[PDB]
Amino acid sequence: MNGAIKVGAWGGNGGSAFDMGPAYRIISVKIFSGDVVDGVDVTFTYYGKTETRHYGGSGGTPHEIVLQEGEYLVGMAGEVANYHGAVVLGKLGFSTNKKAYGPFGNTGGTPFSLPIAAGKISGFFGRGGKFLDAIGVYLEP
């Protein structure tokens, strides 16, 4: 709504829906992984107030992406597959107009990729439970 563009929601239908909504500016993204992707922590700006959100499960190790001045998320890729009877993100990575990150996780599966030729990622939405079942993004020029 309000002219938002939300693409994807890659993963399984398990867990419970989460939605960060779009950010005025993303400060950092911390991906937590082990065999698969556990969760994602996002620190951003909204209404001139800094916020942090915790999505997915609490396990895994942290991998942090800090966006410098003028750096933006222009790509997201990963893999979805089964893990103990549940379809979730086995791998996840991002790219910025400066460098690529990840992928993080170790469980292979059905790949997916979202290279962005024009525009950037501005927020996240998806599904979380014990792990990160599904992840999608908000886009903007």
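The term rigid core refers to the most C-alpha atoms you can superpose between the two forms while keeping them within 1.5 Å. Don't overthink the numbering: it's just position in the shown sequence, from 1.
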Original post:
Which stretch is less alike in 6 other deposited structures of this protein, 40 to 48 or 112 to 120, counting RMS CA distance after the rigid core is superposed?
Top reply: 40 to 48
Original post:
Relative to the presented form, and with the rigid core used for superposition, do the C-alpha atoms of 22 to 30 or of 60 to 68 deviate more in 6 other deposited structures of this protein?
Top reply: 22 to 30
Original post:
For the C-alpha atoms alone, is the average B factor greater in 107 to 115 or in 41 to 49, going by the entry?
Top reply: 41 to 49
Original post:
Comparing 65 to 73 with 89 to 97, where is the mean C-alpha B-factor higher?
Top reply: 65 to 73
Original post:
Would the CA B-factor of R25 place it in the lowest, middle or highest third of its chain?
Top reply: highest
Subject >> Chain-wide C-alpha B factor ranking for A4, given as lowest, middle or highest third >> reply: lowest
Subject >> Cα B factor band for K120 (lowest, middle or highest third within the chain) >> reply: lowest
